[PDB]
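In case you want the letters, here they are:
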Amino acid sequence: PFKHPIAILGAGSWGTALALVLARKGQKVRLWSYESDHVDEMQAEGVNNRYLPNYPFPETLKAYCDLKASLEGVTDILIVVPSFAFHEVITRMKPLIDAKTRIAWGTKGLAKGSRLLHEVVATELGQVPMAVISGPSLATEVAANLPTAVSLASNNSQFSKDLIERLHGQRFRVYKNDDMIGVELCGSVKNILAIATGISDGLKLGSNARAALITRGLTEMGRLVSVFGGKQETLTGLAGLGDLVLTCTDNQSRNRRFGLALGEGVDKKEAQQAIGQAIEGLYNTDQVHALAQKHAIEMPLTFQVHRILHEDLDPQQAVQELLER
Amino acid sequence: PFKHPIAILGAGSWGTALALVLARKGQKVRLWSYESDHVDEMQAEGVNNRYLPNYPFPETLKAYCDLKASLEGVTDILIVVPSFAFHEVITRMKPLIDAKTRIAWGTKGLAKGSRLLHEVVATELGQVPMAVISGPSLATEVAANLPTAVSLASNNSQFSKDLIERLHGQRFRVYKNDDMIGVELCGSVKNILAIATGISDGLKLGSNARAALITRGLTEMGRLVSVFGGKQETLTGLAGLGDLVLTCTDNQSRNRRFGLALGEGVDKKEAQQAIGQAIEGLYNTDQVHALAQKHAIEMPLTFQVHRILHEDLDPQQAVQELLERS
């Protein structure tokens, strides 16, 4: 058992940190990316210099260029591509996977048609074992072997046990959660809230203001969760509160960093280019905002961020309207 | 509605900041301190240099060193002393209470004997109208007039109305909350968690580990709240989550800096001497630990902090036992 290789699709910081966690335990890992130049860098250097420098790949970790090749002999797939590319990657996997394929993901966000990612998986690939991994997990700290805890929700007990067996260790811990819907929804909203708190911090509004915004953030996250059938227990757990407090308060949080630039008057284009990766917060804002309108759900922080990005709303004015009811 | 002066007992940073919020709106405020040389300093200088320097008093804010004098002609009182001094202050107020006295407090933590603050107030002074104000509110940021939001819970609708009317405003916002007990209990645990998360940071265990500990912290805070009849809505609100995130992540938190020192290897005695002014987290830990044990309440973080303080438990081992959970 646990001899079959595992494929991880997406070589951003988190996909790579997860590949490392597994590869270090001697498990064979195949790391694929649709960015060909990046794969060339990884194959040539044996490290992921553009997203996670200073952490060489162990021997059991190899970068792949060809999706088919990375999945040959693999039954368990862990997807960590950006939310905007999830549907496209699933579509590409459709004729490559087989009957016993099991699908997990660490991607956070919604897909076209305002759908939770598991629905995209189900529609395209049929009813298969599925799992979502999510919690407070800065990729650099995981890479550095600092203590970390995440939640894992699945529709299949054996798959959940198997994933936990692969990942769960002394310093990287994975706890079962039976609420996939709630884990997905909390994960799709937390980056949006971190942009908002980043904006507040950029405006130098203070620690008190940030704490208030975080509290209001969890309230709207909670509303979204309840409307779709998630559990309030998820809200106060690692996938909700945990990931939210980390992402809204840490200097290593890129979504917060982006918000902070906006708060300091940097335009969104220049702000993203300066950061250099994928600010999921931008994509998540649009995804969640559309879902909230489709279902007429009140989500004030999310709505203000969306106005800031698409209607030239002044950051100062935006935050002021939020704190002052 | 503000013909009469309001008295604020406790001239620490927070008490003084609250006094400024009110006095700046033109309300008459009397600020009392039990440190007598302290009132002389404030009367002479027109500022609280010991605890909130750089924020001069408006004309309507006056310091008093006599408790009786501060309460003469005043029926609304707002207590903001440390939890370890609450009992003493309530005791001294006994001969000064009148028929319409109303008592609010900004103090956080259990009083002597592991007593809830409203119980000390009700048992010792009678069942007077009571209220608690609690939320993420660094005193320095409030003095600077930066946006702040806090909860206010009361056992009397008229008192709630009157307090919110006095305090609520543009940058300092006060939201009605129906759960005094939940608000109190949340506030009595947050500094214990600040010490715990401070220790993890002192050990440089990282931001992921801190978030995991904050998450676990809220779980035991919820258990305590639940056992005394408080509400989950309070737990995820300003008095629970809000104040917890602020206190577990800020440089300004003295309880967190104390924890940082412990995590770095400093002994508790030297760590507190270096800080200088008394902190409440150790006292809070001891009172809550006693309460948890009296009622068989499981609170793992609080118990580990207690072990670190009183059983010589090594900090690294302590945090690794907390994180390496089943």
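By the method listed in its record, X-ray crystallography, this PDB entry was determined to a resolution of 2.10 Å.

Our focus in this paragraph is the overall build of chain A. Counting secondary structure elements, chain A contains 16 helices and 10 strands. In terms of C-alpha radius of gyration, chain A reaches 19 Å, essentially the compact-globule figure of 20 Å for 325 residues. Overall, chain A is about 55 × 40 × 35 Å in size when its C-alpha atoms are taken along their principal axes. Among the 325 residues that make up chain A, the fraction classed as buried is 64%. Contacts in chain A between residues at least 24 apart in sequence constitute 71% of all its contacts with a sequence separation of at least 6.

Before going further, it helps to examine the packing of helix α8 (residues 180–202) of chain A against helix α15 (residues 300–310) of chain A. Residues and elements named next belong to chain A. Packing of α8 against α15 brings their axes to within 9 Å, and their N-to-C directions diverge by 70°. For the element pair α8 / α15, the angle class is roughly perpendicular. Here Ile 192, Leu 193, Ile 195, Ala 196 and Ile 199 of α8 lie close against α15, whose contacting residues are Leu 301, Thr 302, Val 305 and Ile 308.

Residues and elements named next belong to chain B. Under the UniProt annotation, "binding site: NADPH" lies at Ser 13, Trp 14, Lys 108, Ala 139, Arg 254 and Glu 280. With respect to the secondary-structure elements, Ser 13 resides in helix α1 (residues 13–24). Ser 13 has contacts with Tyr 51, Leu 52 and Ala 139, leaving out every residue within four places of it along the chain. Within the secondary structure, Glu 280 is located in the loop between α13 (268–275) and α14 (281–294). Look past the residues within four positions of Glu 280 in its chain and what remains in contact with it is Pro 82, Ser 83, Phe 84, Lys 108, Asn 191 and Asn 255.

What follows deals with the domain arrangement of chain A. All names here are of chain A. Assigned domains within chain A: domain 1 (1–187) and domain 2 (188–325). Relative to domain 2, the C-alpha centre of domain 1 lies at a distance of 25 Å. With 33 residues of domain 1 at the interface, the matching set in domain 2 holds 29 residues. When domain 1 packs against domain 2, the two sides together hide about 2400 Å² of surface, and 60% of this comes from carbon and sulfur.

Take the UniProt feature "binding site: NADPH" in chain A next. All names here are of chain A. Per the UniProt annotation, the sites labelled "binding site: NADPH" are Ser 13, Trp 14, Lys 108, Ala 139, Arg 254 and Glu 280. Of note, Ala 139 is situated in helix α6 (residues 139–143). For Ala 139, a relative accessible area of 10% corresponds to the buried category. Not counting residues within four places of it along the chain, the set of residues in contact with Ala 139 comprises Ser 13, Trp 14, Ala 17 and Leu 52. Here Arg 254 lies in helix α12 (residues 254–263). The contact partners of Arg 254, leaving out residues within four places of it in the chain, are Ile 275, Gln 277, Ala 278 and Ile 279.

Quick look at the packing of aromatic side chains now. All names here are of chain B. As enumerated under the stated definition, the model contains 8 aromatic pairs over all chains in all. Seen from their ring centres, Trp 14 and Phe 172 are 6.3 Å apart, and the 45° between their planes marks the pair as tilted. On the criterion of sequence distance, the pair formed by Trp 14 in helix α1 and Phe 172 in strand β8 (residues 172–177) is long-range, its members being 158 residues apart. Across this residue pair, the class does not change: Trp 14 and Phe 172 are buried. With a centroid separation of 6.0 Å and 55° between ring planes, the pair formed by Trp 32 and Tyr 34 is classed as tilted. For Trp 32, a relative accessible area of 7% translates into the label buried. Judged by relative accessible area, which is 40%, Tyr 34 ranks as partly exposed.

This brings us to the nonpolar core. If you look at the biggest cluster of nonpolar residues, it comprises 103 residues, and the most contacted ones within it are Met 221, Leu 224, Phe 258 and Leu 262 of chain A together with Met 221, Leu 224 and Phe 258 of chain B. Non-local contacts of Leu 262 of chain A, meaning those with residues more than four positions away in its chain, are made with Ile 195, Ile 199, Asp 267, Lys 268, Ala 271, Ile 308, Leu 309 and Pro 315 of chain A.

Time to look at the domain arrangement of chain B. Residues and elements named next belong to chain B. With domains assigned, chain B is organised as domain 1 (1–187) and domain 2 (188–326). On a C-alpha basis, the centres of domain 1 and domain 2 stand 25 Å from each other. Across the boundary between the two partners, domain 1 contributes 32 residues, which contact 30 residues of domain 2. Carbon and sulfur atoms supply 63% of the area buried between domain 1 and domain 2, which totals about 2400 Å² over both sides. Of all residues in domain 1, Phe 84, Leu 185 and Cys 186 give up the largest surface area on contact with domain 2, accounting jointly for 27% of the area buried on that side. The tally of links between domain 1 and domain 2 comes to 1 salt bridge. Residues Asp 243 and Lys 108 are paired through a salt bridge, measuring 2.7 Å at the closest nitrogen-oxygen approach. Among the secondary structure elements, those contributing two or more residues to the side of domain 1 that touches domain 2 are α4 (83–93), β7 (148–154), β8 and α8 (180–202).

Conventions we followed
- Keep in mind that residues are numbered from 1 along each chain as the sequence reads, not by the entry's scheme, and that residues without coordinates are left out.
- Here the convention is simple: chains get letters from A, ligands get numbers from 1, in the order in which they are written.
- To get the side-chain values, all heavy atoms of the structure are used, and hydrogens and water are removed first.
- Only DSSP runs of H or I reaching four residues or more are called helices, and only runs of E reaching two or more are called strands; each is numbered from the N terminus.
- We compute the radius of gyration over the C-alpha atoms and compare it with the globule rule, which gives 2.2 Å times the number of residues raised to the power 0.38.
- Burial classification: accessible surface area is computed with a 1.4 Å probe over protein chains only, and a residue below 20% of its type maximum counts as buried, one above 50% as exposed, and the rest as partly exposed.
- For this analysis, residues touch if any pair of their heavy atoms sits within 4.5 Å.
- Axes here refer to lines fitted to C-alpha atoms; in helices the fit is confined to the stretch in contact. Angles between the N-to-C directions go from 0 to 180 degrees.
- Our angle categories are set so that under 35 degrees counts as roughly parallel, over 145 as roughly antiparallel, 65 to 115 as roughly perpendicular, and the remainder as oblique.
- UniProt positions are given in the numbering used here, feature names are shortened, and annotations may be inferred rather than shown by experiment.
- In this entry, domain limits derive from an automatic or database-based domain assignment.
- The quantity reported as buried area is the accessible area (1.4 Å probe) lost by two parts once they are put together, taken as the sum for both.
- Here a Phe, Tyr or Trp ring, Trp counted by its six-membered ring, pairs with any other such ring whose centre lies within 6.5 Å, and the pair is stacked when the planes are under 30 degrees apart, edge-to-face when over 60, and tilted otherwise.
- Among buried residues, the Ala, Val, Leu, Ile, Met, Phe, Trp, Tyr and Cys ones that are joined through side-chain atoms within 4.5 Å form a nonpolar core.
- Within this document, salt bridges are pairs made up of a side-chain nitrogen of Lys or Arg and a carboxyl oxygen of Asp or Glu, the two lying within 4 Å of each other.

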